[PDB]
Amino acid sequence: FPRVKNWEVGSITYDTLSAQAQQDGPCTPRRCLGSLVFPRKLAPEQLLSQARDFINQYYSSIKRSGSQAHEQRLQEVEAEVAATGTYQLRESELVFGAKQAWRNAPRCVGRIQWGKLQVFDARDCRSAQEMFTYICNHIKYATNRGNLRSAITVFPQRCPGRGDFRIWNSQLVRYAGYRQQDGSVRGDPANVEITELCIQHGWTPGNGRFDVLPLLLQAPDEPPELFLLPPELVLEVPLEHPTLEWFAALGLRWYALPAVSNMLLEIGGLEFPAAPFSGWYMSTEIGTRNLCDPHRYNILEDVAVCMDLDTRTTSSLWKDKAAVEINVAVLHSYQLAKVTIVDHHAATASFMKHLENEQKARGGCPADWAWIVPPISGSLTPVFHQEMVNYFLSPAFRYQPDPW
Amino acid sequence: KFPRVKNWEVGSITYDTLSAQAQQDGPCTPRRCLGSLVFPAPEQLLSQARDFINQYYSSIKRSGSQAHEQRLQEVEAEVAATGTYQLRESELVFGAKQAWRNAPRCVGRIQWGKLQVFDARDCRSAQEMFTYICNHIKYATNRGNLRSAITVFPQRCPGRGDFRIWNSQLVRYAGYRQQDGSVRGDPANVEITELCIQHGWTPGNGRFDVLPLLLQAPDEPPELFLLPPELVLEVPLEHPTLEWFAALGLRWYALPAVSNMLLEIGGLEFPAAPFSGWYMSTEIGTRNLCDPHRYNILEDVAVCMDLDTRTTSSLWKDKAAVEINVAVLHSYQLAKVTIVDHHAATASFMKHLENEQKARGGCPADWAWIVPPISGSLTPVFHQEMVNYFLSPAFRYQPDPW
Ligand code: HEM
Ligand code: HEM
Ligand SMILES: CCCOc1ccc(-c2ccc3c(C)cc(N)nc3c2)cc1CN
Ligand SMILES: CCCOc1ccc(-c2ccc3c(C)cc(N)nc3c2)cc1CN
Ligand SMILES: C[C@H](O)[C@H](O)[C@H]1CNc2nc(N)[nH]c(=O)c2N1
Ligand SMILES: C[C@H](O)[C@H](O)[C@H]1CNc2nc(N)[nH]c(=O)c2N1
Ligand SMILES: [Cl-]
Ligand SMILES: [Cl-]
Ligand SMILES: [Gd]
Ligand SMILES: [Gd]
Ligand SMILES: [Zn+2]
């Protein structure tokens with residue numbers, strides 16, 4: 001049972017929940033690999049034991065372990081896979097699984113919200129236009145005129161033999177990335193690959209550096225079909241600074257809804273390769289990562305010239321001063337537009353109280369230090385001084401190969 | 001079957017074949033990762049010694065020679081007669097450098113080859129220990145043009161007690177308990193301050209009182225030694241455009257000299273081997289002055305800046321912190337005391353990683369310690385994956401001798 005200490009206060013807890021960790025990660029007693037983004041790389045008898053475990057913990061969570069429909073439900077899944085080779089999840093189970101996969105996401109700092117999550121069942125789906133209308137319901141409900149609401153929608157589970165639903169965009173909302181005559185990029189260099197595929201499936205390109213991409217949606221077996229998104233459904237925030245009058249003239253924008261559409265949900269031994277989820281942004285994800293990373297929009301040097309900073313010596317900390325203003329402008333702009341957003345101080349303080357909750361509930365909580373600590377002002381937030389344990393519980397979201 | 005390591009800012013790919021030779025185990029398993037934890041006989045003394053000797057004779061491109069096999073046969077028969085062996089002077093210098101080279105949480109390692117090793121293995125007493133330390137401080141400080149140095153006191157040996165420096169650093173500030181239960185001075189140093197007092201020291205009452213040295217000779221109580229003030233170079237902190245900053249009274253010292261770690265070379269253990277370099281500015285500005293459990297000046301700075309401290313979304317903490325760091329960098333540059341900022345430091349470490357891949361095929365690095373505590377993703381180390389493992393020779397934590 002790992003002893004975990006908080007170095008700001010001195011408190012000590014023990015992770016007894018780690019002792020129930022399954023899917024072995026990447027580390028060994030000889031070498032630690034916690035800093036790798038993708039750990040490693042990417043006869044149905046094992047379906048039973050994964051469904052048995054998941055159903056067992058479903059009934060513990062609602063008191064009904066021992067007697068009643070608990071043992072009963074064990075038999076239906078036994079007979080359903082003995083007949084068909086897969087099984088269908090009940091509605092409450094799909095909702096309980098979805099929430100647990102969020103609760104178990106080691107790198108998510110927003111997990112204090114894990115209990116409030118709207119789960120749209122789309123297992124009826126069987127068409128590309130069908131999912132496109134499913135996706136537009138999610139976005140509409142999730143955006144909610146800017147008072148954002150956590151949502152996931154679950155499309156039909158992978159079946160042995162015959163194909164899979166797959167959203168080809170990594171997010172539902174993503175900006176174009178076109179290569180110049182220079183080979184350099186106008187737009188988001190993160191999305192130069194998917195922009196390449198959008199065009200070669202009949203998309204006509206656009207203006208420049210803030211073009212919303214179309215959704216490449218893939219019904220089983222048949223190829224991907226492009227789907228344009230209505231501008232009305234894509235809520236965006238133009239970026240302005242509360243006191244730097246020129247920042248708005250830089251013409252920077254970002255969208256409201258972070259909605260990840262390329263991860264695979266796994267509940268009770270069933271894989272849902274199309275299950276896009278969405279929450280709201282932490283300000284540093286936009287300001288520091290999306291806009292300041294050297295391989296993203298790389299705006300930091302441009303904002304520093306406008307602030308008339310000394311970009312000729314790193315010891316002037318001009319990068320640090322420029323970044324903070326970019327984060328200030330993001331927070332101000334989203335707030336001015338009444339769009340839900342959270343600063344990294346508020347967000348990490350909530351994660352600490354999530355840790356304390358999860359200590360009482362389950363005796364621990366899987367957490368990935370490097371992704372919990374903000375990308376600016378790390379040691380100024382409480383999680384910096386908090387030791388953490390990372391391990392992999394099910395249900396979970398996993399990374400998955402891309403369909404090409 | 002070696003770890004694939006990716007740099008995300010650029011797209012580089014390399015593999016860490018040096019990890020496979022890792023000669024110790026750490027706290028991680030396939031079941032769970034503990035990377036974020038701060039604190040993670042003859043035949044085995046002989047097998048460590050052989051790996052070191054092999055390392056040394058490799059570095060002087062003399063592997064597998066007669067001079068090589070001689071020294072192997074030599075140390076083996078010395079362990080037989082006495083249970084231990086002695087390093088030659090060149091072997092000691094190489095081992096101290098390798099320990100620095102192998103230190104996984106050190107961002108200043110691009111320098112590892114430039115190290116001044118002082119051989120104090122003939123030291124006989126605490127008084128003499130004091131003299132060797134004062135000279136270390138004088139040479140490393142060098143009137144503000146700092147030099148990397150290490151002093152190596154006698155090794156652990158059967159029959160006698162260890163030399164120990166009780167102080168965690170050669171220069172530290174007193175931490176005095178209050179009547180509010182509060183702490184005047186540095187709260188990290190409240191215990192060593194109590195220790196010093198009960199061993200005879202007359203305490204002050206400032207917030208930047210330099211502590212005496214508690215020095216332990218074999219089988220003796222610790223003895224108290226005052227550092228002559230003119231040996232301890234200090235830098236008063238001011239801000240270049242915030243003139244009220246000087247009225248805080250804040251200071252920090254030139255020389256970071258860590259004195260409580262253990263140096264291991266070829267199975268030998270040196271429990272007293274203080275080493276020193278020069279500060280990276282975030283250690284002073286961010287950690288030592290802004291940690292809530294350290295001097296904790298952040299809120300008082302931000303109020304003086306007229307920042308809005310009612311709400312976190314004004315980012316008052318980030319703004320005050322960046323200006324506390326600007327003051328540190330400016331104050332040291334004004335006082336002509338060596339200092340590196342986290343941007344230059346992390347850029348040099350990137351060069352170290354590339355040097356190390358070509359040289360040894362990888363490099364042990366602790367990402368959570370290499371990435372600076374402010375402006376992380378603005379530096380190039382944030383976007384570099386790293387492999388953490390324990391190589392020997394090495395520095396190691398050891399328990400407090402009290
Ligand atoms: C409600 C507000 C939320 C916030 C502020 C938030 C924030 C974050 C942040 C900051 C990361 C780090 C990733 C990065 O920065 O690169 C992350 C990762 C992640 N989030 Fe959350 N998130 C929220 C809601 C959700 C929801 C609703 C889900 C799913 C139902 C979710 C699941 C995940 C997963 C699966 C990952 C990464 C996979 C892994 O860590 O292994 N989050 N989130
Ligand atoms: C000359 C410039 C140097 C710089 C800028 C530097 C910087 C650093 C920093 C910032 C840390 C992490 C401290 C923290 O934030 O808690 C560190 C750790 C460390 N450094 Fe360096 N250092 C320098 C020289 C040296 C020298 C000369 C030695 C030894 C001869 C050394 C050995 C170590 C060790 C042992 C650690 C702890 C590593 C671990 O526990 O894995 N450093 N250094
Ligand atoms: C690049 C390999 C994987 O990276 C990842 C992996 C995951 C997420 C991610 C996923 C969901 C989020 C939600 C719901 C809200 C939010 N506020 N943020 C999120 C961030 C970002 C990245 C970007 N690095
Ligand atoms: C308490 C767990 C271990 O912490 C540690 C561990 C090590 C060092 C350390 C050691 C040597 C340094 C040198 C030579 C120069 C410099 N510029 N910095 C240093 C920092 C600081 C801390 C502070 N936390
Ligand atoms: C190399 C390093 O592990 C990698 O760049 C990680 C570090 N921490 C991160 N943390 C968050 N939140 N998002 C990221 O993309 C990363 N990247
Ligand atoms: C809990 C946490 O891992 C711990 O406080 C570490 C994090 N990384 C660090 N990194 C450096 N360089 N110095 C530190 O003191 C710490 N503290
Ligand atoms: Cl994003
Ligand atoms: Cl220090
Ligand atoms: Gd101007
Ligand atoms: Gd001024
Ligand atoms: Zn690990």
# chains A, B, ... in the order shown; residues from 1 in each chain; ligands from 1

call {"tool": "closest_atom_pairs", "arguments": {"of": "chain B", "to": "chain A", "cutoff": "6 Å", "atoms": "only C-alpha atoms", "output": "tab-separated table"}}
result
residue	atom	partner	partner_atom	distance
B:9	CA	A:295	CA	5.7
B:25	CA	A:29	CA	4.9
B:26	CA	A:29	CA	5.0
B:28	CA	A:29	CA	5.1
B:29	CA	A:28	CA	4.6
B:30	CA	A:24	CA	4.8
B:31	CA	A:24	CA	5.1
B:32	CA	A:391	CA	4.6
B:33	CA	A:390	CA	5.1
B:34	CA	A:389	CA	5.7
B:36	CA	A:387	CA	5.7
B:37	CA	A:387	CA	5.7
B:313	CA	A:343	CA	5.7
B:341	CA	A:315	CA	6.0
B:373	CA	A:379	CA	5.1
B:374	CA	A:377	CA	4.4
B:375	CA	A:376	CA	4.4
B:376	CA	A:375	CA	5.3
B:377	CA	A:375	CA	5.3
B:385	CA	A:36	CA	5.4
B:387	CA	A:33	CA	5.5
B:388	CA	A:32	CA	5.0
B:389	CA	A:31	CA	4.7

call {"tool": "write_last_selection", "arguments": {"atoms": "N, CA, C and O atoms", "output": "short mmCIF file (atom, residue, chain, number, x, y, z; two decimals), in the first residue's frame"}}
result
data_model
loop_
_atom_site.label_atom_id
_atom_site.label_comp_id
_atom_site.auth_asym_id
_atom_site.auth_seq_id
_atom_site.Cartn_x
_atom_site.Cartn_y
_atom_site.Cartn_z
N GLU B 9 7.79 18.75 -29.42
CA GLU B 9 7.91 20.05 -30.07
C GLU B 9 8.42 19.94 -31.51
O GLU B 9 8.14 20.83 -32.32
N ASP B 25 17.13 -0.83 -8.53
CA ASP B 25 15.70 -0.81 -8.73
C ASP B 25 15.09 0.37 -8.00
O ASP B 25 15.63 0.84 -6.99
N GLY B 26 13.97 0.86 -8.53
CA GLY B 26 13.25 1.97 -7.97
C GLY B 26 11.82 1.59 -7.61
O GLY B 26 11.46 0.41 -7.58
N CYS B 28 8.73 1.90 -8.95
CA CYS B 28 7.65 1.62 -9.89
C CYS B 28 7.55 0.13 -10.22
O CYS B 28 8.54 -0.60 -10.20
N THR B 29 6.33 -0.29 -10.52
CA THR B 29 6.01 -1.61 -11.05
C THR B 29 5.09 -1.44 -12.23
O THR B 29 4.56 -0.34 -12.47
N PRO B 30 4.86 -2.50 -13.01
CA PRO B 30 3.80 -2.43 -14.04
C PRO B 30 2.42 -2.14 -13.47
O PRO B 30 1.56 -1.66 -14.21
N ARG B 31 2.20 -2.42 -12.18
CA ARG B 31 0.90 -2.19 -11.55
C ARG B 31 0.64 -0.71 -11.30
O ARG B 31 -0.48 -0.23 -11.49
N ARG B 32 1.65 0.03 -10.84
CA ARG B 32 1.43 1.42 -10.52
C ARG B 32 2.75 2.18 -10.61
O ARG B 32 3.82 1.63 -10.35
N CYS B 33 2.66 3.46 -11.00
CA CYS B 33 3.80 4.35 -11.13
C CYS B 33 3.90 5.24 -9.89
O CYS B 33 2.90 5.83 -9.46
N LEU B 34 5.12 5.33 -9.33
CA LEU B 34 5.45 6.18 -8.20
C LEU B 34 6.53 7.21 -8.54
O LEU B 34 7.30 7.64 -7.68
N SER B 36 6.45 10.27 -8.91
CA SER B 36 6.31 11.58 -8.30
C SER B 36 6.70 11.60 -6.83
O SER B 36 6.65 12.67 -6.20
N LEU B 37 7.04 10.46 -6.25
CA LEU B 37 7.54 10.44 -4.88
C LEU B 37 8.86 11.19 -4.79
O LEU B 37 9.77 10.99 -5.60
N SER B 313 -8.93 34.30 -10.97
CA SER B 313 -8.91 34.44 -12.42
C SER B 313 -8.22 35.71 -12.89
O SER B 313 -7.93 35.84 -14.08
N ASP B 341 18.81 31.59 -15.75
CA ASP B 341 17.35 31.54 -15.76
C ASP B 341 16.87 30.21 -16.35
O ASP B 341 17.57 29.55 -17.12
N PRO B 373 9.46 25.03 -12.11
CA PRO B 373 8.17 25.16 -11.41
C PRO B 373 7.32 26.35 -11.83
O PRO B 373 6.20 26.49 -11.31
N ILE B 374 7.80 27.22 -12.72
CA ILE B 374 6.94 28.14 -13.46
C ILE B 374 7.25 27.98 -14.94
O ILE B 374 8.31 27.48 -15.33
N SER B 375 6.28 28.38 -15.77
CA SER B 375 6.44 28.50 -17.22
C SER B 375 6.90 27.20 -17.88
O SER B 375 7.54 27.23 -18.93
N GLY B 376 6.53 26.07 -17.29
CA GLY B 376 6.91 24.75 -17.76
C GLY B 376 6.88 24.53 -19.25
O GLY B 376 7.92 24.22 -19.84
N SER B 377 5.71 24.68 -19.88
CA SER B 377 5.60 24.38 -21.30
C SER B 377 6.19 25.47 -22.19
O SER B 377 6.28 25.26 -23.41
N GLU B 385 9.88 13.66 -23.80
CA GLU B 385 9.74 12.50 -22.92
C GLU B 385 11.10 12.10 -22.34
O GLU B 385 12.14 12.27 -22.98
N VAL B 387 13.27 9.12 -19.61
CA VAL B 387 13.34 7.85 -18.88
C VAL B 387 14.13 8.07 -17.60
O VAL B 387 15.27 8.54 -17.64
N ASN B 388 13.52 7.73 -16.47
CA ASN B 388 14.18 7.86 -15.17
C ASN B 388 14.68 6.50 -14.69
O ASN B 388 13.92 5.53 -14.63
N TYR B 389 15.97 6.45 -14.32
CA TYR B 389 16.57 5.24 -13.76
C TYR B 389 17.81 5.62 -12.96
O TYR B 389 18.34 6.72 -13.09
#

call {"tool": "select_by_dssp", "arguments": {"residues": "segment 41-218 of chain B", "states": "helix (DSSP H, G or I)", "output": "MDAnalysis selection string"}}
result
chainID B and resid 42:59 66:82 89:102 109:111 126:144 187:198

call {"tool": "residues_around", "arguments": {"residues": "residue 266 of chain A", "least_positions_apart": "5", "cutoff": "7 Å", "atoms": "only C-alpha atoms", "output": "list in words"}}
result
residues 271, 272, 395, 396 and 397 of chain A

call {"tool": "closest_residue", "arguments": {"among": "A:264, A:309, A:136, A:101", "to": "residue 158 of chain A", "atoms": "only C-alpha atoms"}}
result
A:264

call {"tool": "residues_near_ligand", "arguments": {"ligand": "ligand 8", "cutoff": "10 Å", "atoms": "only C-alpha atoms and all ligand atoms", "output": "compact mmCIF listing (two decimals) with N, CA and C atoms, in the first residue's frame"}}
result
# COMPACT_ATOMS: atom_id res chain seq x y z
N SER B 168 21.91 20.61 6.05
CA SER B 168 21.56 20.20 4.68
C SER B 168 22.31 21.00 3.63
N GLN B 169 22.64 22.25 3.92
CA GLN B 169 23.45 23.04 3.00
C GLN B 169 24.50 23.77 3.80
N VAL B 171 25.25 26.88 3.49
CA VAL B 171 24.64 28.15 3.86
C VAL B 171 23.13 27.96 3.99
N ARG B 172 22.59 28.23 5.18
CA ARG B 172 21.14 28.22 5.36
C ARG B 172 20.76 29.30 6.35
N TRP B 252 19.11 36.73 -0.58
CA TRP B 252 19.46 35.32 -0.68
C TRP B 252 20.97 35.22 -0.89
N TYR B 253 21.52 34.02 -0.68
CA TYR B 253 22.98 33.85 -0.70
C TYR B 253 23.46 33.36 -2.06
N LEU B 255 25.66 31.00 -2.88
CA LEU B 255 26.21 29.67 -3.11
C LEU B 255 25.28 28.57 -2.64
N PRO B 256 24.74 27.76 -3.55
CA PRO B 256 23.96 26.59 -3.13
C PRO B 256 24.88 25.39 -2.95
N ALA B 257 25.12 24.98 -1.71
CA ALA B 257 26.10 23.91 -1.46
C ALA B 257 25.39 22.85 -0.62
N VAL B 258 25.05 21.75 -1.25
CA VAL B 258 24.28 20.71 -0.58
C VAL B 258 25.25 19.77 0.12
N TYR B 279 23.04 28.89 -8.63
CA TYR B 279 21.57 28.81 -8.60
C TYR B 279 20.95 29.06 -9.97
N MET B 280 19.88 28.32 -10.24
CA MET B 280 18.90 28.68 -11.25
C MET B 280 17.81 29.53 -10.59
N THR B 282 14.68 30.25 -10.61
CA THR B 282 13.40 29.80 -10.08
C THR B 282 13.53 29.09 -8.74
N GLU B 283 14.68 28.48 -8.43
CA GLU B 283 14.79 27.88 -7.11
C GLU B 283 14.64 28.92 -6.02
N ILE B 284 15.19 30.11 -6.25
CA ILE B 284 15.09 31.17 -5.25
C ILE B 284 13.73 31.84 -5.33
N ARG B 287 10.46 28.82 -5.67
CA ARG B 287 10.35 27.86 -4.57
C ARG B 287 10.69 28.48 -3.22
N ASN B 288 11.90 29.03 -3.07
CA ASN B 288 12.30 29.42 -1.71
C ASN B 288 11.50 30.61 -1.19

call {"tool": "atom_distance", "arguments": {"atom1": "atom CA of residue 394 of chain B", "atom2": "atom CA of residue 186 of chain B"}}
result
28.8 Å

call {"tool": "residues_around", "arguments": {"residues": "residue 351 of chain B", "least_positions_apart": "2", "cutoff": "12 Å", "atoms": "only C-alpha atoms", "output": "list in words"}}
result
residues 107, 108, 109, 110, 111, 344, 345, 346, 347, 348, 349, 353, 354, 355, 356, 357, 358, 363, 380 and 381 of chain B

call {"tool": "write_last_selection", "arguments": {"atoms": "C-alpha atoms", "output": "PDB file, in the first residue's frame"}}
result
ATOM      1  CA  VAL B 107      19.157  20.326 -14.882  1.00  0.00           C
ATOM      2  CA  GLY B 108      22.660  21.807 -14.735  1.00  0.00           C
ATOM      3  CA  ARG B 109      24.378  18.655 -16.002  1.00  0.00           C
ATOM      4  CA  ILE B 110      25.711  20.128 -19.249  1.00  0.00           C
ATOM      5  CA  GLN B 111      28.594  21.251 -16.923  1.00  0.00           C
ATOM      6  CA  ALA B 344      18.799  29.176 -20.658  1.00  0.00           C
ATOM      7  CA  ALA B 345      19.065  26.317 -18.159  1.00  0.00           C
ATOM      8  CA  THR B 346      16.505  24.106 -19.912  1.00  0.00           C
ATOM      9  CA  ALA B 347      17.933  24.935 -23.349  1.00  0.00           C
ATOM     10  CA  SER B 348      21.372  23.783 -22.139  1.00  0.00           C
ATOM     11  CA  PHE B 349      19.894  20.579 -20.729  1.00  0.00           C
ATOM     12  CA  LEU B 353      20.461  15.153 -23.666  1.00  0.00           C
ATOM     13  CA  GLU B 354      21.720  15.212 -27.258  1.00  0.00           C
ATOM     14  CA  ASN B 355      25.360  15.000 -26.138  1.00  0.00           C
ATOM     15  CA  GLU B 356      24.382  12.084 -23.897  1.00  0.00           C
ATOM     16  CA  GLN B 357      22.498  10.162 -26.578  1.00  0.00           C
ATOM     17  CA  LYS B 358      25.577  10.229 -28.831  1.00  0.00           C
ATOM     18  CA  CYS B 363      20.363   9.807 -20.156  1.00  0.00           C
ATOM     19  CA  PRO B 380      11.823  22.815 -24.319  1.00  0.00           C
ATOM     20  CA  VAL B 381      12.082  20.122 -21.623  1.00  0.00           C
TER      21      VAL B 381
END

call {"tool": "atom_distance", "arguments": {"atom1": "atom CA of residue 378 of chain B", "atom2": "atom CA of residue 298 of chain A"}}
result
10.4 Å

call {"tool": "residues_around", "arguments": {"residues": "segment 239-248 of chain B", "least_positions_apart": "3", "cutoff": "12 Å", "atoms": "only C-alpha atoms", "output": "ChimeraX atom specification"}}
result
/A:316 /B:207,235-236,251,289,295,297-298,300-306,320,322-334

call {"tool": "residues_near_ligand", "arguments": {"ligand": "ligand 9", "cutoff": "9 Å", "atoms": "only C-alpha atoms and all ligand atoms", "output": "ChimeraX atom specification"}}
result
/A:306-308

call {"tool": "write_last_selection", "arguments": {"atoms": "C-alpha atoms", "output": "PDB file, in the first residue's frame"}}
result
ATOM      1  CA  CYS A 306       3.212  44.253 -29.065  1.00  0.00           C
ATOM      2  CA  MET A 307       3.910  44.561 -25.335  1.00  0.00           C
ATOM      3  CA  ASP A 308       7.269  46.154 -26.303  1.00  0.00           C
TER       4      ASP A 308
END

call {"tool": "select_by_dssp", "arguments": {"residues": "segment 209-322 of chain B", "states": "strand (DSSP E or B)", "output": "ChimeraX atom specification"}}
result
/B:210,213-216,223-225,234-236,251-253,257-258,262-265,268-270,275-276,280

call {"tool": "write_last_selection", "arguments": {"atoms": "N, CA and C atoms", "output": "CSV table (one decimal), in the first residue's frame"}}
result
chain,number,residue,atom,x,y,z
B,210,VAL,N,22.3,33.6,9.1
B,210,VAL,CA,23.0,32.4,8.6
B,210,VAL,C,23.4,31.5,9.8
B,213,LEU,N,27.6,25.9,11.4
B,213,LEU,CA,27.8,24.5,10.9
B,213,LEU,C,27.9,23.5,12.1
B,214,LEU,N,27.1,22.4,12.1
B,214,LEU,CA,27.3,21.3,13.0
B,214,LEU,C,28.0,20.2,12.3
B,215,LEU,N,29.2,19.9,12.8
B,215,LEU,CA,30.1,19.0,12.1
B,215,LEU,C,30.5,17.9,13.0
B,216,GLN,N,30.4,16.6,12.5
B,216,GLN,CA,30.5,15.4,13.3
B,216,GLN,C,31.7,14.7,12.7
B,223,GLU,N,30.1,19.2,16.6
B,223,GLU,CA,30.7,20.4,17.1
B,223,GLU,C,30.2,21.6,16.3
B,224,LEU,N,30.1,22.8,17.0
B,224,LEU,CA,29.5,24.0,16.4
B,224,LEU,C,30.6,24.9,15.9
B,225,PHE,N,30.5,25.4,14.6
B,225,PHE,CA,31.4,26.2,14.0
B,225,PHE,C,30.7,27.4,13.3
B,234,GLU,N,26.2,37.3,0.0
B,234,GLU,CA,24.8,37.4,0.0
B,234,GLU,C,24.4,38.5,-1.0
B,235,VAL,N,23.2,38.4,-1.5
B,235,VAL,CA,22.7,39.4,-2.5
B,235,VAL,C,21.3,39.9,-2.0
B,236,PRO,N,21.3,41.2,-1.6
B,236,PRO,CA,20.0,41.9,-1.3
B,236,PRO,C,19.2,41.9,-2.6
B,251,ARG,N,16.8,38.9,1.0
B,251,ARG,CA,18.1,38.6,0.6
B,251,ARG,C,18.1,37.1,0.2
B,252,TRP,N,19.1,36.7,-0.6
B,252,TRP,CA,19.5,35.3,-0.7
B,252,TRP,C,21.0,35.2,-0.9
B,253,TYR,N,21.5,34.0,-0.7
B,253,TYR,CA,23.0,33.9,-0.7
B,253,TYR,C,23.5,33.4,-2.1
B,257,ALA,N,25.1,25.0,-1.7
B,257,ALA,CA,26.1,23.9,-1.5
B,257,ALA,C,25.4,22.9,-0.6
B,258,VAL,N,25.0,21.7,-1.2
B,258,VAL,CA,24.3,20.7,-0.6
B,258,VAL,C,25.2,19.8,0.1
B,262,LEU,N,24.8,11.6,0.2
B,262,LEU,CA,25.8,10.5,0.2
B,262,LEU,C,26.4,10.3,-1.2
B,263,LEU,N,27.7,10.3,-1.4
B,263,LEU,CA,28.3,10.0,-2.6
B,263,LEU,C,28.8,8.5,-2.6
B,264,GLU,N,28.3,7.7,-3.6
B,264,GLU,CA,28.7,6.3,-3.7
B,264,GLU,C,29.5,6.1,-5.0
B,265,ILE,N,30.7,5.6,-4.8
B,265,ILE,CA,31.6,5.3,-5.9
B,265,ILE,C,32.1,3.8,-5.8
B,268,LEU,N,32.0,2.0,-2.6
B,268,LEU,CA,32.4,2.8,-1.5
B,268,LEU,C,31.4,3.9,-1.2
B,269,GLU,N,31.2,4.2,0.1
B,269,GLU,CA,30.2,5.2,0.5
B,269,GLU,C,30.9,6.4,1.2
B,270,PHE,N,30.7,7.6,0.7
B,270,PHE,CA,31.3,8.8,1.3
B,270,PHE,C,30.1,9.6,1.9
B,275,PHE,N,28.8,19.4,-2.2
B,275,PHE,CA,29.1,19.9,-3.5
B,275,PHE,C,28.3,21.2,-3.8
B,276,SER,N,28.8,22.0,-4.7
B,276,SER,CA,28.1,23.3,-5.0
B,276,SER,C,28.2,23.6,-6.4
B,280,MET,N,19.9,28.3,-10.2
B,280,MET,CA,18.9,28.7,-11.3
B,280,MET,C,17.8,29.5,-10.6

call {"tool": "closest_residue", "arguments": {"among": "A:148, A:365, A:274, A:226", "to": "ligand 3", "atoms": "only C-alpha atoms and all ligand atoms"}}
result
A:148

call {"tool": "residues_near_ligand", "arguments": {"ligand": "ligand 1", "cutoff": "6 Å", "atoms": "only C-alpha atoms and all ligand atoms", "output": "VMD selection string"}}
result
chain A and resid 102 105 to 110 113 150 to 152 277 to 282 285 371 397

call {"tool": "residues_around", "arguments": {"residues": "residue 175 of chain A", "least_positions_apart": "5", "cutoff": "10 Å", "atoms": "only C-alpha atoms", "output": "list in words"}}
result
residues 187, 188, 189, 190, 191, 192, 194, 195, 208, 209, 210, 211, 212, 213, 214, 254 and 255 of chain A

call {"tool": "atom_distance", "arguments": {"atom1": "atom CA of residue 128 of chain A", "atom2": "atom CA of residue 225 of chain A"}}
result
7.2 Å
